[PDB]
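Asker: Have a look at this one before I ask anything.
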Amino acid sequence: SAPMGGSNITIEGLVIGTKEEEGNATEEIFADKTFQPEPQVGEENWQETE
Amino acid sequence: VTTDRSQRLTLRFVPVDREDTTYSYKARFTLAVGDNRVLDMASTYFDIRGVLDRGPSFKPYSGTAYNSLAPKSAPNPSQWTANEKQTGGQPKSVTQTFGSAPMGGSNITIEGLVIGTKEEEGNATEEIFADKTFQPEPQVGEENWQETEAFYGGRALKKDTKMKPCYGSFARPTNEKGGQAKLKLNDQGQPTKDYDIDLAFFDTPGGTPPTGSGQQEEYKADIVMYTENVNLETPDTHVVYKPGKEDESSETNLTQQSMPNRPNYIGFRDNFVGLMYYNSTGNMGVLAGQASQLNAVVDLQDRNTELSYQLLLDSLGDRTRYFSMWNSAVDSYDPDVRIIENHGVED
Amino acid sequence: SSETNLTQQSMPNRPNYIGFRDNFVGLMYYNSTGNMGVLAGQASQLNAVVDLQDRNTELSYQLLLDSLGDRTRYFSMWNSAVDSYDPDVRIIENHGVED
Amino acid sequence: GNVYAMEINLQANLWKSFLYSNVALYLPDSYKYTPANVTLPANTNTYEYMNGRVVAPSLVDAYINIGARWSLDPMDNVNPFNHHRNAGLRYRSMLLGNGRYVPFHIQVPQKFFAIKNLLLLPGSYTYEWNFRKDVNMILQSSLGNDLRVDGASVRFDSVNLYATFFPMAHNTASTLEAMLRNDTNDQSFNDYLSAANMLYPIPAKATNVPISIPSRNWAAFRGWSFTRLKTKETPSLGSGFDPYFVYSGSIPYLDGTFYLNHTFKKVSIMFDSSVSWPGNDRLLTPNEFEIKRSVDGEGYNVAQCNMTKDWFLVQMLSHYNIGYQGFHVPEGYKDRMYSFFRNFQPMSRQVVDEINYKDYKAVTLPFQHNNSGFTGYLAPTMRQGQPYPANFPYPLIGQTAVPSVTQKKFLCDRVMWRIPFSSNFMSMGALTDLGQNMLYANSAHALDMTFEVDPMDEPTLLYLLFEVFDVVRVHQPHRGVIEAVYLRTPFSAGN
Amino acid sequence: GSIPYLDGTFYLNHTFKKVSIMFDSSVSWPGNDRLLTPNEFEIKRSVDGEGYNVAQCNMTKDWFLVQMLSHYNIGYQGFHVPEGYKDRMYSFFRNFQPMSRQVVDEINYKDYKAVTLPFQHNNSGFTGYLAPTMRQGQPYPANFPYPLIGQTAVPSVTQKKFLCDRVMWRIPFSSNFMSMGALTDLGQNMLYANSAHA
Amino acid sequence: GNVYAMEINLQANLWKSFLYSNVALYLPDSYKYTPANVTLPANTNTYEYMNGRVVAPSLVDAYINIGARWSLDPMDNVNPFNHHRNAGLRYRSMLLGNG
Amino acid sequence: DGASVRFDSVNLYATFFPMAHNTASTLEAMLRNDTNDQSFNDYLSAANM
Amino acid sequence: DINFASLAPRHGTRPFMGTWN
Amino acid sequence: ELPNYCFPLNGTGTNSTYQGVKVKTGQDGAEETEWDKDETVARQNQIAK
């Protein structure tokens, strides 16, 4: 199963968040494969949809 | 050994004087030991009558009284607004609903759900519509697992009643048959002699009937919900999670979830400790011969009467026996809660 | 047998323990002047028992045992095992649940 | 194929629902947090705060210290009587019924030692007493919140004095009076505690508390009792009201629930700044009562904890006269609810050896997982995640068991520590053999005492009881006359 | 079932209100102004103007005294728990159980409604309708019982009672109600029955 | 997303099953009823009557008198020893065996 | 409800301390004298209405 | 019931164990 | 005696989708097809029969 929801998927993996950078340069924050995605983390509620 | 004379066993003295104040009460008795008697002061006590308010922080049970079997994060059947909106040319701003319809029945009309019938003439058989003020009851539904009737109905909370998760939900009854709807008062503030209840009617979506057989007349009510506003409360729970700052009714707020409030027993202390002043010479008790008038008590600050009495009873008796008259019931804890002793589980 | 009868539902029957009474009370006749017991010297016919209607030997014995010992100890020879009830069933004591 | 089904572990859930409700919710506030988008009141002593703060269920989860008796280490310093599972308070709170609004009708007894057993001869006596309306003093709560804020209040509608009289034959009662008015036959009484009470402040995080009393007599001294209190859990008795008593849990100083006795390390006693006591080479550490030790080169621990051979002996001698000619369990009628061996709980556990186990990693709580997919993420709420091999705790058992170190401790939850001023520590009589020695009955010594203790991170009191005699004699020479004479000694209290 | 008269399981002792004793249709007993209500042993009272209740139930001061005196010689010179070897299974304090509860004030709570059992719902959708059978209905706010706690607590009245489930009430014909010896002091008074009292 | 699951309050069920089996089934007959289409014998003192009569679980439910020690008011006058939970009768019934 | 009972036999058992006969014959001779009548008292000791 | 025992014993042994006189 | 049940996280379980409808214009009470789709109410309400 794949519990960690996100915004996109690339060679760098799952996009778990974003930051402003320059407003035009907004960086995609990829999950650090050495510990993320954590197996104890998943969707907050039963209405569930990423 | 015993007198034959006409003489009481128990005397009760009311105060000759008293001083009720901001944080204390004082009283004076004339303790008349009559003649040809002796009084043992171990017989004596103060018979207090009064009233407590324990405040909103009191809770003498674990868990909740209301809907305790409900899954947490399950909502009350309920409504909100502006859910589906697809523009070109408008954000449409519809009403939207979630719920269930457990009351099966024979037909649906402007009057709502047909729950039954009567003969009238054999040809004139009257359709008995649910009395919306208390039918359909939420606690009535299909008798067995096999059945499913043709037409259905139930209740839901109108959009103005803000969501709470069903676990712990209470709302006071507003008629003798346990209906929960508010009386209307909306023109002027007197009750309008009627309930804030509307029928809402439903069919399968035009994306599931076959094409052409879903236009012109093909729409037909087969579910009805008696939507209402209620005096909703959660007297013994709180919302532990919700998906945003918004307190309002919305699709995401159906996913709120609640936890019961922490147990908080309140009562008088063991042996009523703390109730009287002792070892407190600004507030000292008095026993004086009424002619002599000089106090025989002579108490001190570096004495501890309440602990001395707690220790004494454990030397005189068995503190594990509770005794309501003196409010004696010694403080404890569960020893398996103090020292965890984790033997695992027999699974 | 029918499709609706598939939905029949059952409940277990109520528990009903049957056995002899505490100390075998009720088994022998006492204080019951139709059916009185006898202890007599075989020669001379005078019964030494001489019981009465307004006497209660069975309650008298039940009270005696509580003064002579601890009724919480069962003893199969005399069928001694005093009647009780669960105190949490007599006085409900509803502290709610830890859920 | 087989019928469709879903599986639950009941026995694991009946245990987690025990640990979370009975221990996780009682961990100190610094182990809790406030949920996303929730607003609490700033007054932490209030029910909405104590209730509004969430606790991650991974603290005190099903496996925590599995296999061992170990009280959790933050919990040793938490008041165990402020818990919803204590039967005595449940009973006392249910005796009034289930509502917040409660009229009441109660029989409060008289406790003052010079009166509580007294026989009054004929006469008219003015009797007064004064009573608190302060809810934090007169009520108790199982959380200990500030009821003067959280909305409790009390009103007295009437207070009446009852007296019950044995219906004595008048010629017998008129004789008994005439004998008890004679000054040969003064009734006399002794406060059961019979002590002088000192409270000394111990600042937050102080490990040492040195205290002294100046040169004075010690005639008929009995010994010391001592224990430790929190400052917020101790009301001021010197005033009509104490507005800074912002707490309503148990009051150990008043009610006997003493629960920090395990926090003492050592106490030493020194008369006249030279004359160490007990001196005379008595103990294995002659000049100090070493109550417990954190590391033990010589082997002076006992009872499979870290209490010492000296201290356990001093306690078993002072409570039960046991230690000389061998230890055994004291017979139950000499082992009351406030006795030592009734309350003494030694404990041991094993832990992963964070120094010598080379494959160790320091995983903090948010990164630990066990039951992932089947459990909420750091909250008592809907299950989150995926099934995955657990990364915590390291195993202490089986074929892959991890290198491990021992920890040892004790609890002692209703005692207060005793040291009899008796030449062999035994009770041979109420007036000891040192309290009538050639020295202490004659020459006025000064006393210096000092304690070493675990640091608390909140302000505490040493509660020190100098055990003395505290006696009254009561003479009733005429109708409606009471003369009463007090002597506490030593620490005589009047002129 | 059990036969209390034969086996000692007496369970209706809480149902007595008062008992009065009267010799020769004039000589009230114990008389002599003894009790707070001299002519009657008022076992319990439903309303208490003077404050004669005890033990945080509705049993009286007079009756509680008489029972503690007759079973344990305790009342004069103060009440305490009787020592365990003198407090057997058929004794008083072993069995005496005082109780209190709060109920909605059906007179002074103005928003009250009298919802009878078939119309009450709580755990609807998750519970069988008036039967120990399959769950019925829908999840919905519960309409019963009214809350007696929290901020929205409802006006309430207290109820008080006691139980005594193996005792049988006692009244010693002894001049002070105590047991001083098996032949009482009044029992070797009243030989005086030359007027033969009824 | 998260694993498919369904949620159950085990603690409320362990308490409701206690109250229903130990108190609801012992409420006097006037609180019970006869189910739809079920035929009981007219002799009320018989097992088929005592077992056939159904009791609404809403009487003595989980929230009844919550927070208080209170014996139910119809139960004060019900013989408490006529209960399946009394150890003395269980022992005396099991002493003779289970047949 | 169908219960019933049948008694197949009833026997009286008695147990005797094996007292020395010169002692028992002495005890009998003391207990037969009217000075030494055994006496008993019903434990309840009441008239029942 | 004023716990209605009242019985004969007030007894004791020799330099260990009894024969009477 | 009393059955224990296990229930979906959302309470109602497997919801089917429905659309709101209304009676046409009050012209008949001649029921069967004299209803029409209510545009004031969402086309995907979630309900369990």
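The chains in the structure tokens are called A, B, ... from first to last as shown; in each chain the residues are counted from 1, and the ligands are counted from 1 in the order shown.
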Show me, as a VMD selection string, the residues that have an atom within 7 Å of residue 191 of chain D when counting only C-alpha atoms, minus same-chain residues fewer than 6 positions from it.

Answerer: (chain B and resid 308) or (chain D and resid 113 470 to 471)

Asker: Using DSSP assignments from the backbone, pull out every residue in chain A that falls under strand (DSSP E) and give it to me as a list in words.

Answerer: residues 9, 10, 13, 14, 15, 16, 17, 18, 19, 27, 28, 29 and 30 of chain A

Asker: Just asking: which residues within chain C are alpha helix (DSSP H) according to DSSP, as a list in words?

Answerer: residues 57, 58, 59, 60, 61, 62, 63, 64, 65, 66, 67, 68, 87, 88, 89 and 90 of chain C

Asker: What gap, in Å, lies between atom CA of residue 30 of chain D and atom CA of residue 360 of chain D?

Answerer: 26.2 Å

Asker: Per residue of chain A within 12 Å of chain I, which atom pair is closest and at what distance in Å (one decimal), using only C-alpha atoms, listed by chain and increasing number, as a tab-separated table?

Answerer:
```
residue	atom	partner	partner_atom	distance
A:45	CA	I:9	CA	9.3
A:46	CA	I:9	CA	6.8
A:47	CA	I:10	CA	8.2
A:48	CA	I:10	CA	11.1
```

Asker: Could you please take those selected residues and save N, CA and C atoms as a short mmCIF file (atom, residue, chain, number, x, y, z; two decimals), in the first residue's frame?

Answerer:
```cif
data_model
loop_
_atom_site.label_atom_id
_atom_site.label_comp_id
_atom_site.auth_asym_id
_atom_site.auth_seq_id
_atom_site.Cartn_x
_atom_site.Cartn_y
_atom_site.Cartn_z
N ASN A 45 -7.75 11.48 7.17
CA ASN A 45 -9.17 11.20 7.31
C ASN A 45 -9.76 10.29 6.22
N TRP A 46 -10.91 9.69 6.52
CA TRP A 46 -11.59 8.68 5.70
C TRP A 46 -12.18 9.15 4.37
N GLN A 47 -12.36 10.46 4.21
CA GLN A 47 -12.82 11.23 3.05
C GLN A 47 -11.76 11.25 1.91
N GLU A 48 -10.74 10.45 2.12
CA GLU A 48 -9.32 10.32 1.75
C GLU A 48 -9.15 10.62 0.23
#
```

Asker: Report the closest atom pair, with its distance in Å rounded to one decimal, for each residue of chain C that has an atom no farther than 12 Å from chain G; count only C-alpha atoms, sort by chain and then rising residue number, and write it as a Markdown table.

Answerer:
```
| residue | atom | partner | partner_atom | distance |
| --- | --- | --- | --- | --- |
| C:16 | CA | G:1 | CA | 11.8 |
| C:18 | CA | G:3 | CA | 9.7 |
| C:19 | CA | G:3 | CA | 11.1 |
| C:20 | CA | G:5 | CA | 11.3 |
| C:27 | CA | G:5 | CA | 11.5 |
| C:31 | CA | G:48 | CA | 10.8 |
| C:51 | CA | G:42 | CA | 11.4 |
| C:52 | CA | G:47 | CA | 9.6 |
| C:53 | CA | G:48 | CA | 8.4 |
| C:54 | CA | G:48 | CA | 4.7 |
| C:55 | CA | G:47 | CA | 6.0 |
| C:56 | CA | G:48 | CA | 7.3 |
| C:57 | CA | G:42 | CA | 7.8 |
| C:58 | CA | G:44 | CA | 9.7 |
| C:59 | CA | G:44 | CA | 7.5 |
| C:60 | CA | G:44 | CA | 4.6 |
| C:61 | CA | G:43 | CA | 7.2 |
| C:62 | CA | G:44 | CA | 9.4 |
| C:63 | CA | G:44 | CA | 7.3 |
| C:64 | CA | G:43 | CA | 6.2 |
| C:65 | CA | G:43 | CA | 9.9 |
| C:66 | CA | G:43 | CA | 11.3 |
| C:67 | CA | G:43 | CA | 9.9 |
| C:68 | CA | G:43 | CA | 11.1 |
```

Asker: Store the residues picked out above, limited to C-alpha atoms, as a compact mmCIF listing (two decimals), in the first residue's frame.

Answerer:
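Result saved to result_7.txt:
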```
# COMPACT_ATOMS: atom_id res chain seq x y z
CA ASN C 16 -30.97 -21.54 35.42
CA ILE C 18 -30.46 -25.96 40.02
CA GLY C 19 -29.09 -27.64 43.15
CA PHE C 20 -29.79 -28.47 46.79
CA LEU C 27 -34.87 -31.28 53.05
CA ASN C 31 -41.17 -26.99 63.25
CA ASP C 51 -41.13 -29.32 68.58
CA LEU C 52 -43.48 -26.30 67.87
CA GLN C 53 -45.03 -24.28 64.99
CA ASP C 54 -43.67 -20.85 66.10
CA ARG C 55 -40.01 -22.05 66.13
CA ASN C 56 -37.57 -21.73 63.17
CA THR C 57 -34.75 -24.33 63.29
CA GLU C 58 -33.55 -23.70 59.73
CA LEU C 59 -33.01 -19.93 60.22
CA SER C 60 -31.56 -20.63 63.69
CA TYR C 61 -28.93 -22.90 62.15
CA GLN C 62 -28.13 -20.43 59.32
CA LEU C 63 -27.49 -17.71 61.96
CA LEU C 64 -25.46 -20.04 64.19
CA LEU C 65 -22.98 -20.92 61.42
CA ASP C 66 -22.30 -17.21 60.75
CA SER C 67 -21.42 -16.72 64.45
CA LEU C 68 -19.28 -19.93 64.67
```
